[PDB]
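Following: one structure in structure tokens, then a few remarks.
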Amino acid sequence: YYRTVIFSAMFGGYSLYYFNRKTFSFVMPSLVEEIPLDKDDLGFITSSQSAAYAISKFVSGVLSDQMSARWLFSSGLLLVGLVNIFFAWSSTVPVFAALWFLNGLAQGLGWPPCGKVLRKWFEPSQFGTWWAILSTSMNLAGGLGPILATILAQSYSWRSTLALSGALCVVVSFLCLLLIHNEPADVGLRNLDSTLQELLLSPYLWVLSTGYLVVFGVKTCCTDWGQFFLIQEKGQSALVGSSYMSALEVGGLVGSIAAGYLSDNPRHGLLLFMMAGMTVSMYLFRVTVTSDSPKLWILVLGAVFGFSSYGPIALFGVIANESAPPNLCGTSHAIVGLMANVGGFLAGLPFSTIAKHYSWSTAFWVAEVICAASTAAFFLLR
Ligand SMILES: O=C(/C=C(/c1ccccc1)n1cnc2ncccc21)O[C@@H]1C[C@](OC[C@@H]2C[C@@H]2c2ccc(Cl)cc2)(C(=O)O)C[C@@H](O)[C@H]1O
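Numbering (the entry's author numbering), first residue to last: 8 to 200, 215 to 285, 298 to 415.
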């Protein structure tokens with residue numbers, strides 16, 4: 008009962024976080040077709056997102072210890088709602104970047120509160136499977152996102168499918184003020200149960230962190246820019262690219278679910306085969322797609338990318354728990370997430386700068402060669 012509500016008001020709550028952390032990506036074609044923006048401008052917006060999400064992710068890991076988790080989750084969800092409402096009324100790129108920077112700060116203040124809630128309602132042996140099911144909320148939101156964004160944006164507006172999402176997040180924030188609970192002892196339901218500088222100077226954390234940097238950077242490149250690659254170079258329509266995002270996130274659902282079965298260091302080999310599959314799938318996506326190339330192929334390549342991108346994200350999370358000491362394990366996850374969103378910042382603005390200064394094909398060549406160089410450098414370290 009309480010563990011059903013505590014996970015349905017969050018799985019349906021954090022999907023209205025990830026549906027709005029990528030809602031600039033979901034209505035990217037209408038935003039570019041209506042008003043002209045630089046690719047540096049779009050990369051500047053999504054890099055303000057990634058930098059703000061880095062800073063707020065790293066500070067909210069301490070704010071979970073200082074401050075409660077239902078209050079930060081509800082307040083950040085209401086802030087995301089107000090941000091997207093003002094983002095639909097706004098029209099120019101500096102205020103786009105400012106409101107999307109506030110969206111990055113708001114998105115950072117909500118996911119470690121989900122960590123504190125799910126850490127204090129389930130057994131510590133069952134942290135992993137409920138974390139995986141809550142991490143499939145990103146795949147669910149990004150799977151149902153761009154299809155709705157295209158089928159509503161062609162019919163009404165991008166501003167209308169931002170205002171509806173903002174109002175929905177305000178309504179579910181007023182719901183999450185009252186649905187979830189931070190501590191079961193507040194309602195009385197039988198509550199259950215330096216070395217830092219060595220951890221910053223431990224080599225396995227840096228290898229894990231640059232690996233999750235390059236995996237989250239390649240995933241952020243391919244997610245936030247693959248549909249735009251298909252529209253502006255490969256001649257696909259906006260529907261094909263939005264369905265490519267959707268097939269990427271359906272493949273990510275299958276990946277982050279079947280990263281739990283296939284894990285149960299022998300996990301490192303599964304992880305490296307899966308990153309090699311990511312590099313080979315992105316090479317096929319850079320070469321083999323064509324105007325004459327069918328839609329079913331590009332959905333299969335999206336699914337094979339997602340099965341090989343969110344898969345190593347889930348395995349990197351599992352290894353980042355297992356390599357962390359139990360006294361200050363949240364600091365290790367904060368360092369890993371900070372390097373992840375440094376990878377997201379590298380995926381936002383310098384990637385689009387490489388895109389508009391050489392080519393989109395050269396941009397995905399840069400992303401494919403840094404993913405291939407990382408997979409080759411990780412085939413050598415083991
Ligand atoms: O958090 C993990 C993995 C585990 C884990 C537990 C058991 C087996 C294998 C892995 N984990 C650590 N603390 C946890 N507390 C509750 C539930 C799971 C917890 O990976 C991290 C996931 C990652 O950061 C999320 C930040 C920690 C907070 C959070 C938010 C929501 C939740 Cl549900 C949990 C924690 C992200 O999703 O962006 C990226 C990187 O930081 C990874 O390292």
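We put the beta carbon where it would ideally sit given N, CA and C, even for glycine.
Counting along the chain, residue 8 sits inside no alpha helix (DSSP H), nor does DSSP assign it H or E at all. At a threshold of 6 Å, residue 370 counts as near ligand 1, since its beta carbon sits closer than that to one of the ligand's heavy atoms. Here residue 91 is buried. Its C-beta has 16 or more other C-beta atoms within 10 Å. By the Cβ-count criterion, residue 77 is buried, with 16 or more other Cβ atoms from all chains shown falling within 10 Å of its own Cβ. For residue 141, the distance from the CB to the nearest heavy atom of ligand 1 is below 6 Å. By the Cβ criterion, the segment 380-387 is in contact with the segment 51-70, since at least three pairs of Cβ atoms, one from each stretch, lie closer than 8 Å.
Short note on residue 351: C-beta closer than 6 Å to some heavy atom of ligand 1. In the DSSP assignment, residue 254 falls outside any alpha helix (DSSP H), carrying neither H nor E.
Contact annotation: the segment 108-125 touches the segment 59-69, with at least three C-beta pairs closer than 8 Å. Here residue 358 is exposed: its Cβ has fewer than 16 other Cβ atoms, across all protein chains shown, within 10 Å. Here residue 93 is near residue 106, since their CB atoms are less than 7 Å apart. Collapsing the DSSP output to three states places residue 187 in coil. Comparing C-alpha distances from residue 342 to each of 279, 364 and 363 shows the shortest one belongs to 279.
Between the alpha carbons of residue 131 and residue 21 lies a gap of roughly 21 Å. Contact check for residue 43 against residue 259 fails: the beta carbons are separated by 7 Å or more. Across the structure, residue 161 and residue 283 are spaced so that their CA atoms are roughly 41 Å apart. Taking a cut-off of 8 Å for Cβ pairs, the segment 266-273 and the segment 219-234 do not touch, as fewer than three such pairs fall below it.
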